[PDB]
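Before any comments, here is the structure.
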Amino acid sequence: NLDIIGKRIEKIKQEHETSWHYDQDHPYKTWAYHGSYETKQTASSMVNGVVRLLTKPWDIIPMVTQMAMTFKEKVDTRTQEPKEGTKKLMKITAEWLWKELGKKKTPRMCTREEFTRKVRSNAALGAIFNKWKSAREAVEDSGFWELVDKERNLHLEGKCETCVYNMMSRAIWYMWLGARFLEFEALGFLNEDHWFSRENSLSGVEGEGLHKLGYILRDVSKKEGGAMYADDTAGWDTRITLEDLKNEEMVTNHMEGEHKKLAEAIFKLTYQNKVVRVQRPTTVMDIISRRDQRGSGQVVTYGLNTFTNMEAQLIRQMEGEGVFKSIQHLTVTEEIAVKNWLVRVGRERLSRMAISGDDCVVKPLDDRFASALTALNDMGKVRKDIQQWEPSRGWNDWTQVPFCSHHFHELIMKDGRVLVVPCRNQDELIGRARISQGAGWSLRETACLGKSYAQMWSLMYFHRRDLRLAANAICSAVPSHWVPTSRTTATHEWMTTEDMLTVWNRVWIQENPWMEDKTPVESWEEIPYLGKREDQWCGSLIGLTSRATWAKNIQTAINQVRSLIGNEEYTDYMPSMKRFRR
Ligand SMILES: CC1=NN(c2cccc(N)c2)C(=O)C1
Ligand SMILES: [Zn+2]
Ligand SMILES: [Zn+2]
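As numbered in the UniProt record's numbering, residues 2764 to 2805, 2808 to 2835, 2846 to 2904, 2908 to 2946, 2962 to 3075, 3079 to 3285, 3290 to 3382 make up the sequence shown, in order.
Right, dumping it as structure tokens:
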């Protein structure tokens, strides 16, 4: 309690001594409340005019148009302490999993240089505004790095002064850049050195890319076993227990010297004890604390979510196989059986999973998994939209399974080669591309964001008739040489000025380990679509009058956007499609 957080709290009080007050009408039950002070402030979604002018049929589709308009009663909840048998299963599995992840990797500190190049290339690091304007400016200024040193030496001393969360089923906890640096220094290696790559972690998909996920699910399908299970957790981040935070901290056991002390401090002082500042309109700043739940940087969060999810799912698999009888208490022979299971088949059981943070797909040994619920419920990883003790409903076809907001189709090319392609409801794809984040976008910057969406569609969703046509139209409407941009940046092979047919060949043929025949594709017409009926099932407007007028008159929409942007060098990509090829 207050010895670890007091200094952070004491320091905040003094900068707002002309406001402090212990309010007695504070809404917090599960968050420890400390005091309040005076403020007054709020970022809504803006429409991308280049994308919207080139997708006119969707102007009358509510699922698209509503996306551009616009629970914290889940953050103020508590999770019970697991039983002793559950805690033992988790500690033993966590110990074994950090060992496996560490067999071919070396933990190491990330550097001011690595951090500097990150901010100078626009990764969403979740910092705040204040003494410097942007993150770009603070990084080129030794004043900052002296503040970072003060905090750093404080951490080595086992104390914290300035590592405070700012709160804003989504809730994102910004820290000042300096705090983000010390987190990145201690734990950035997990992401930077690909600890959750498939090659290293066997369940993981970190860095795989949306063009590999479908092939990965198909490889899991090839295993002998039961249905494929894809149970979502109800508010994963709010269900992370202090016991989970302590099993995650065991990664420091693989570390040494300075690194071990810096990493232990981030875990102790910022994760297992948190200080948070929240806005309350009643507008005061509430300074609140708690020990449990997830509040890290979004990238360390991804890695620790993958870790703890892998652990939970192996334990659920153990329960389905009857490795242990009861979560109440693990016998001594049951611990030995859990350890022997992990040594004998642990790696085979990891390869039956695809896990991305809180998202998973498991192909267990058989369907006893469906009703193995006691450990999963007692760890607090309660399934979304199903009664606590109702058995999971599995999928019989890998092309039906949901994963990372997608499903995957098997698509046979005119030459017999097999593509496994990602897909989702087309209203979701068009609706997202019509949205921009932030203020002060020039027309040029708005056009270059539209071009990023268009190139993503050409690479990933080429098999959707409407998206190949709209992607070609947007690339025709934006100057040929203008570089695709994004303000928050899986692999992103569409972020290039190289010709998209050449990128398609590299991604889908040359570098695709599931394609034996490396014969390049010579034109877009060699690259197939979904069946017309499947395309309509996944949201295509093919067959509608509005869509036929749009397609036929597309050069008029292209010329409207060219006229707005002005006298520039443009390319006509529309003859890359059969129907416009004369
Ligand atoms: C663009 C281009 N597309 N084509 C093309 C592609 C496939 C078949 C046919 N007949 C033509 C070109 O010759 C140039
Ligand atoms: Zn600190
Ligand atoms: Zn689909």
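All residues carry an ideal CB built from backbone N, CA and C; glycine is no exception.
Taking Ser3276 as the reference, which of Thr3285, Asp3262, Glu3298 has the closest Cα? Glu3298
Going by beta carbon distance, what residues of the same chain come within less than 8 Å of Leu3055, once the five residues before and after it are set aside? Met2884, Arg2930, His2933, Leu2934, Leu2975, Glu2978, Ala2979
Around ligand 3, what residues have a beta-carbon under 5 Å from a heavy atom of it, in chain order? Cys3219, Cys3338
Hey, is the stretch 3157–3167 in contact with the stretch 3018–3028, meaning 3+ C-beta pairs nearer than 8 Å? yes
Report the partner residues of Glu3206 according to the DSSP bridge assignment. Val3216
Indicate the three-state DSSP secondary structure (helix, strand or coil) for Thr3026 in the structure shown. strand
Using the three-state DSSP reduction, which class does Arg3090 fall into: helix, strand or coil? coil
How big is the Cα-Cα spacing for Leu2900 and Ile3151? 23 Å
Is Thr3102 near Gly2997, with beta carbons less than 7 Å apart? yes
Just the Cα atoms here: how many angstroms apart are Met2968 and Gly3093? 8 Å
Beta carbon of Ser3276: closer than 6 Å to some heavy atom of ligand 1? no
With hydrogens ignored, establish whether the beta-carbon of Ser3323 is closer than 6 Å to any heavy atom of ligand 1. yes
Any idea what DSSP makes of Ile2965, helix, strand or coil? coil
Can you tell me whether DSSP reads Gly3007 as helix, strand or coil? helix
Which word fits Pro2822, buried or exposed, when buried means at least 16 other C-beta atoms lie within 10 angstroms of its C-beta? buried
Out of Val2829, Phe3120, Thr2881, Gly3153, which has the shortest C-alpha to C-alpha gap to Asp2986? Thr2881
Taking the C-alpha atoms as reference points, what is the distance between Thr3063 and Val3069? 10 Å
Best match in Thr3285, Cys3200, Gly3050, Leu3215 for proximity to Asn2897 [C-alpha to C-alpha]: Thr3285
Report the option in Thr2854, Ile2825, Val3197 whose CA atom is closest to the CA atom of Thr3031. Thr2854
If contact is defined by three or more beta carbon pairs under 8 Å, each pair taking one atom from either stretch, is the stretch 3030–3045 in contact with the stretch 3256–3264? no
Cβ shell of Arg2771 (< 8 Å), same chain only, five flanking positions each side left out: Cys2938, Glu2939, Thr2940, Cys2941, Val2942, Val3068
Classify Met3114 as buried or exposed, calling it buried when 16 or more other Cβ atoms lie within 10 Å of its own Cβ. buried
Work out the CA separation of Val3279 and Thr3296 for me, nearest whole Å. 7 Å
Can you tell me where the beta strand (DSSP E) holding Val3157 begins and where it ends? 3155–3158
How about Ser2799 and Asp3082: do their beta carbons lie closer than 7 Å? yes
Do the CB positions of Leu3172 and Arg3145 come within less than 7 Å of each other? no
Since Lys3180 contacts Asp3025 with CB under 8 Å, what's their CB separation in whole angstroms? 4 Å
Under a Cβ-count criterion, where at least 16 other Cβ atoms within 10 Å of its own Cβ denotes burial, should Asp3154 be classed as buried or exposed? buried
For the alpha helix (DSSP H) that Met2828 lies in, which residues bound it at each end? 2827–2830
Is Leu2819 closer than 7 Å to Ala3269 when the C-beta atoms are compared? yes
When every heavy atom of ligand 1 is checked, does at least one fall within less than 6 Å of the C-beta of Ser3147? no
Please list, in chain order, all residues of the same chain as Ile3059 whose beta carbon is under 7 Å from its beta carbon, the five residues on each side excluded. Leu2975, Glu2976, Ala2979, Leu2980
Cβ-based burial, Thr2802 [other Cβ within 10 Å; buried from 16]: exposed
Mind checking who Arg3179 pairs with in its DSSP beta bridge? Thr3026
Output needed for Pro2857: all residues of its chain with C-beta closer than 8 Å, excluding positions within five of it in sequence on either side, in chain order. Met2865, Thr3034, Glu3036, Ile3123, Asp3174, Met3175, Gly3176
For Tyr3373 and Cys3244, which I take to be in contact (beta-carbon distance under 8 Å), what is that distance rounded to the nearest angstrom? Not confirmed; about 16 Å, so no contact.
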